[PDB]
Number of protein chains: 2
Amino acid sequence: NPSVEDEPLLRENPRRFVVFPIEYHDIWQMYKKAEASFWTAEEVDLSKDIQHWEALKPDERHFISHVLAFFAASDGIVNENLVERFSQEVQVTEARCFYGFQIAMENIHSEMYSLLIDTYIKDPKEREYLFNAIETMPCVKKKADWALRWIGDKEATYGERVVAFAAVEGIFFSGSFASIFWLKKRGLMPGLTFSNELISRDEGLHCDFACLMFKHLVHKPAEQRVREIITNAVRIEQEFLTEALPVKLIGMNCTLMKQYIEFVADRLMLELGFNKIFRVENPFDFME
Amino acid sequence: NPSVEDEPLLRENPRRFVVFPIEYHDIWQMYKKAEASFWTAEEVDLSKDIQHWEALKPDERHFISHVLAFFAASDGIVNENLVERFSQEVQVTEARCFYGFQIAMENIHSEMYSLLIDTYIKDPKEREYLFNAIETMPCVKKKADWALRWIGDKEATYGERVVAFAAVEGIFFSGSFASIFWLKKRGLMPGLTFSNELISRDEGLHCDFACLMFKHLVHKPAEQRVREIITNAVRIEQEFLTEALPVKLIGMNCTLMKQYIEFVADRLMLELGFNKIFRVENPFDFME
Ligand SMILES: [Fe+3]
Ligand SMILES: [Fe+3]
């Protein structure tokens, strides 16, 4: 261990776990905002959607199917990290609440996606292929592997891993969410899009929380280190969206995608308290 | 480590964390029942209650105040254990869902109680005394200490600790819940009782889940070991309810209390698959 004695969030010292003397109001209120957005997979009517899945072009189906599987697996990764690391490391109560609520929510997202997949792909053969994306889908490896390094990185700091998970939930998902909102614009798959609105909003909040934790950190990574972790993730997201699973497939412009990722990165950088990196405008009218 | 390779729930092997191929339907459905009972402290109108607190005899207030504080602290203990042990140890997904939902719920119970306390005890001086029951209230030490041993008991098995936590949530809370339902019968403190109905129902479910996990265990403690852990807890509960914080205080018969604890213990024993221990009838008409 380092200088954890110096970190308020980490100093192995609440000597607490009695919840009402509320010390951190900014953290609390985030939990409250979480708690208030609760929802269940059950609240999403997937009943029309099979028709739509039907009236879709193949390319549109390959795309979607792959994204669903990419999200299915990623949520899994997110949760594991929270479970075995974040929620263990952080000592401040308010933060424990938020992370415990986030885990419950990841599980619900995991279920929603599973349902989408099961509802669209009647062929259990496929089903499996997709459930096992980490071991099947190369298009999801890098990303999965990048994120997995951080869980196993036992030499690095919380400040570093917090930034990384914020890149995972906010950068690794950005393109995909955006692609889904694209479909909505085009009037397709209501169930897929309606859920997407819920999920994306949860993830946003999960990103804001991470930036807040970052703020409560004393010893954080140097601004160069942060740029590099962000940058690395941006690149990886761009590649997935234009090469591995090109947005062309649902009629999107790969170039504007690439630029939105960057816009997304710069917003995060600002939330973390740094200058922007790329200085690009948001290209999607609808993502505003 | 033992023979974890042999335990389905523990064998460090889901090689999973992809949630939809559902293996354990009994576990799943418990999670679903949990998920469906969600509620927030906010849903409880504590608005009339100050009057009641008023129209109460002192003895009734001492009692209640102490119980609230005892519950406030215990919930804290429950959660810590889940957080740092149960949810880490158990590998089966369905179980991870249930435990992650349980933690979110403990946190909400922790908040409800805090609120009760804050709503009844205007004197922040007191407030504190109660928030710090573990270090102040001797009437809550033994119990707290008994439960804490299990979190730190690093030589004992999951089978043993699961039984113990089931004794904590089901035995250590039984009397108290019962005392609160007694007040309801007598028409007093609606807010305290209404919440109590919610909480008690959650705890019940948390007990049933533990019995289910016990069932999925291969290598469990010998029936004598289980009797002894249960027995130990029964005794301790009886003592708290008749000596430390006597139910006389709210006009209850200490003798019938003692017998209900035992009735409560035997029900748990049966749920765990063993014979009853005490063979007493349930003495409370209203707890039926
Ligand atoms: Fe998430
Ligand atoms: Fe509980």
# chains A, B, ... in the order shown; residues from 1 in each chain; ligands from 1
call {"tool": "interface_residues", "arguments": {"of": "chain B", "to": "chain A", "cutoff": "8 Å", "atoms": "only C-alpha atoms", "output": "number ranges by chain"}}
result
B: 17-20, 72-73, 76-77, 80, 83-84, 87-88, 97, 100-101, 103-104, 107, 110-111, 114-115, 131-132
call {"tool": "write_last_selection", "arguments": {"atoms": "N, CA, C and O atoms", "output": "compact mmCIF listing (two decimals), in the first residue's frame"}}
result
# COMPACT_ATOMS: atom_id res chain seq x y z
N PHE B 17 -20.37 -14.73 -15.73
CA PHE B 17 -20.61 -13.35 -15.46
C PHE B 17 -21.03 -12.70 -16.76
O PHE B 17 -20.50 -11.64 -17.14
N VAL B 18 -21.92 -13.49 -17.27
CA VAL B 18 -22.78 -13.33 -18.43
C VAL B 18 -24.05 -13.88 -17.82
O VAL B 18 -24.08 -15.02 -17.35
N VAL B 19 -25.08 -13.11 -17.78
CA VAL B 19 -26.20 -13.49 -16.92
C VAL B 19 -27.36 -14.30 -17.50
O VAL B 19 -28.17 -14.87 -16.76
N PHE B 20 -27.55 -14.43 -18.79
CA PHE B 20 -28.83 -15.05 -19.16
C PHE B 20 -28.88 -16.57 -19.22
O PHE B 20 -29.89 -17.19 -18.89
N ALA B 72 -30.31 -0.10 13.82
CA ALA B 72 -29.48 0.76 12.99
C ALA B 72 -28.06 0.19 12.81
O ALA B 72 -27.49 0.12 11.72
N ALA B 73 -27.51 -0.22 13.93
CA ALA B 73 -26.22 -0.83 13.98
C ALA B 73 -26.19 -2.23 13.34
O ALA B 73 -25.30 -2.58 12.59
N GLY B 76 -26.00 -2.41 9.77
CA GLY B 76 -24.65 -2.12 9.36
C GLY B 76 -23.76 -3.37 9.32
O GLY B 76 -22.90 -3.61 8.46
N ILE B 77 -23.95 -4.18 10.30
CA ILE B 77 -23.15 -5.37 10.34
C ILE B 77 -23.50 -6.32 9.24
O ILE B 77 -22.63 -6.87 8.60
N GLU B 80 -21.94 -5.24 5.96
CA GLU B 80 -20.51 -5.38 5.82
C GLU B 80 -20.09 -6.82 5.42
O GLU B 80 -19.21 -7.04 4.55
N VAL B 83 -20.96 -7.58 1.85
CA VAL B 83 -20.03 -6.83 1.07
C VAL B 83 -18.69 -7.48 1.05
O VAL B 83 -18.18 -7.76 -0.02
N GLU B 84 -18.10 -7.72 2.22
CA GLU B 84 -16.77 -8.28 2.19
C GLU B 84 -16.58 -9.76 2.23
O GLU B 84 -15.46 -10.21 2.16
N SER B 87 -20.80 -11.92 -0.76
CA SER B 87 -20.86 -11.57 -2.19
C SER B 87 -19.55 -11.81 -2.94
O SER B 87 -19.52 -11.81 -4.15
N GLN B 88 -18.47 -12.05 -2.18
CA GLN B 88 -17.15 -12.31 -2.74
C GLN B 88 -16.99 -13.79 -2.94
O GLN B 88 -16.49 -14.27 -3.89
N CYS B 97 -26.81 -11.83 -7.87
CA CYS B 97 -27.86 -10.89 -8.02
C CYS B 97 -28.60 -10.66 -6.74
O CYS B 97 -28.87 -9.56 -6.32
N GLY B 100 -26.53 -8.76 -4.28
CA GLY B 100 -26.30 -7.39 -4.63
C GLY B 100 -27.58 -6.66 -4.35
O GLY B 100 -27.57 -5.56 -3.89
N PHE B 101 -28.73 -7.26 -4.61
CA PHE B 101 -30.00 -6.55 -4.31
C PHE B 101 -30.18 -6.38 -2.77
O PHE B 101 -30.77 -5.45 -2.28
N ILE B 103 -27.91 -6.02 -0.37
CA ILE B 103 -27.07 -4.94 0.05
C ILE B 103 -27.75 -3.59 -0.25
O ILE B 103 -27.74 -2.67 0.51
N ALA B 104 -28.33 -3.42 -1.41
CA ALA B 104 -28.96 -2.15 -1.70
C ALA B 104 -30.06 -1.90 -0.68
O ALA B 104 -30.31 -0.81 -0.20
N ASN B 107 -29.13 -0.97 2.90
CA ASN B 107 -28.81 0.45 2.89
C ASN B 107 -30.03 1.30 3.00
O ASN B 107 -30.05 2.35 3.55
N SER B 110 -31.14 0.84 6.54
CA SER B 110 -30.28 1.70 7.39
C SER B 110 -30.73 3.16 7.40
O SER B 110 -30.68 3.82 8.39
N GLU B 111 -31.21 3.64 6.28
CA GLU B 111 -31.66 5.00 6.11
C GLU B 111 -33.02 5.21 6.80
O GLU B 111 -33.25 6.23 7.47
N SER B 114 -32.62 5.54 10.45
CA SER B 114 -31.94 6.79 10.77
C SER B 114 -32.89 7.91 10.80
O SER B 114 -32.89 8.75 11.66
N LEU B 115 -33.79 7.83 9.89
CA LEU B 115 -34.83 8.77 9.81
C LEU B 115 -35.75 8.70 10.99
O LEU B 115 -36.27 9.71 11.39
N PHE B 131 -26.47 6.59 17.57
CA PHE B 131 -25.82 6.16 16.37
C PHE B 131 -24.62 5.30 16.72
O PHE B 131 -24.33 4.33 16.02
N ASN B 132 -23.99 5.63 17.85
CA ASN B 132 -22.83 4.91 18.33
C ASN B 132 -23.17 3.83 19.37
O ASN B 132 -22.46 3.64 20.37
call {"tool": "select_by_dssp", "arguments": {"residues": "region 86-237 of chain B", "states": "helix (DSSP H, G or I)", "output": "NGL selection string"}}
result
:B and (86-89 or 93-120 or 124-131 or 133-136 or 138-152 or 158-171 or 174-185 or 190-215 or 223-237)
call {"tool": "residues_around", "arguments": {"residues": "residue 179 (chain A)", "least_positions_apart": "2", "cutoff": "12 Å", "atoms": "only C-alpha atoms", "output": "JSON, numbers by chain"}}
result
{"A": [60, 63, 64, 67, 68, 173, 174, 175, 176, 177, 181, 182, 183, 184, 185, 186, 188, 192, 193, 196, 197, 200, 241, 242, 245, 246, 247, 248, 249, 250, 251, 252, 253, 254, 256, 257, 260, 261, 284, 286, 287]}
call {"tool": "write_last_selection", "arguments": {"atoms": "C-alpha atoms", "output": "PDB file, in the first residue's frame"}}
result
ATOM      1  CA  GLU A  60     -28.984  -3.847 -39.499  1.00  0.00           C
ATOM      2  CA  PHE A  63     -24.980  -4.777 -36.282  1.00  0.00           C
ATOM      3  CA  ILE A  64     -27.465  -4.811 -33.578  1.00  0.00           C
ATOM      4  CA  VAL A  67     -23.783  -4.553 -30.136  1.00  0.00           C
ATOM      5  CA  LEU A  68     -26.199  -6.253 -27.780  1.00  0.00           C
ATOM      6  CA  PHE A 173     -20.374   2.780 -24.656  1.00  0.00           C
ATOM      7  CA  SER A 174     -20.741   6.164 -26.360  1.00  0.00           C
ATOM      8  CA  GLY A 175     -20.660   5.063 -29.920  1.00  0.00           C
ATOM      9  CA  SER A 176     -23.017   2.220 -29.351  1.00  0.00           C
ATOM     10  CA  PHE A 177     -25.489   4.299 -27.554  1.00  0.00           C
ATOM     11  CA  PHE A 181     -30.299   6.644 -30.914  1.00  0.00           C
ATOM     12  CA  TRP A 182     -29.677   6.815 -34.693  1.00  0.00           C
ATOM     13  CA  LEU A 183     -32.116   3.900 -35.207  1.00  0.00           C
ATOM     14  CA  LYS A 184     -34.731   5.777 -33.138  1.00  0.00           C
ATOM     15  CA  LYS A 185     -34.443   8.783 -35.322  1.00  0.00           C
ATOM     16  CA  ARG A 186     -35.210   6.401 -38.198  1.00  0.00           C
ATOM     17  CA  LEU A 188     -36.949   1.513 -35.905  1.00  0.00           C
ATOM     18  CA  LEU A 192     -34.431  -1.616 -28.243  1.00  0.00           C
ATOM     19  CA  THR A 193     -34.520   2.081 -28.195  1.00  0.00           C
ATOM     20  CA  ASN A 196     -31.391   2.243 -24.521  1.00  0.00           C
ATOM     21  CA  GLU A 197     -32.591   5.507 -23.223  1.00  0.00           C
ATOM     22  CA  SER A 200     -27.632   5.281 -21.322  1.00  0.00           C
ATOM     23  CA  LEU A 241     -16.960   1.538 -34.601  1.00  0.00           C
ATOM     24  CA  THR A 242     -15.508   1.824 -37.996  1.00  0.00           C
ATOM     25  CA  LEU A 245     -18.513  -3.188 -36.480  1.00  0.00           C
ATOM     26  CA  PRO A 246     -18.845  -0.372 -38.870  1.00  0.00           C
ATOM     27  CA  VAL A 247     -21.702   2.049 -38.427  1.00  0.00           C
ATOM     28  CA  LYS A 248     -22.016   2.005 -42.257  1.00  0.00           C
ATOM     29  CA  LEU A 249     -24.109  -1.114 -41.487  1.00  0.00           C
ATOM     30  CA  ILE A 250     -26.933   0.957 -40.161  1.00  0.00           C
ATOM     31  CA  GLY A 251     -26.348   3.807 -42.527  1.00  0.00           C
ATOM     32  CA  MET A 252     -24.092   5.970 -40.529  1.00  0.00           C
ATOM     33  CA  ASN A 253     -21.074   7.963 -41.470  1.00  0.00           C
ATOM     34  CA  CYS A 254     -17.971   6.501 -39.945  1.00  0.00           C
ATOM     35  CA  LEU A 256     -18.721  11.643 -37.946  1.00  0.00           C
ATOM     36  CA  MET A 257     -18.719   8.705 -35.527  1.00  0.00           C
ATOM     37  CA  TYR A 260     -18.313  12.167 -31.663  1.00  0.00           C
ATOM     38  CA  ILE A 261     -16.100   9.714 -29.687  1.00  0.00           C
ATOM     39  CA  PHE A 284     -24.804  14.616 -33.988  1.00  0.00           C
ATOM     40  CA  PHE A 286     -29.856  14.286 -32.124  1.00  0.00           C
ATOM     41  CA  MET A 287     -27.243  13.492 -29.296  1.00  0.00           C
TER      42      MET A 287
END
call {"tool": "residues_around", "arguments": {"residues": "residue 164 (chain A)", "least_positions_apart": "3", "cutoff": "8 Å", "atoms": "only C-alpha atoms", "output": "MDAnalysis selection string"}}
result
chainID A and resid 147 150 160:161 167:168 229:230
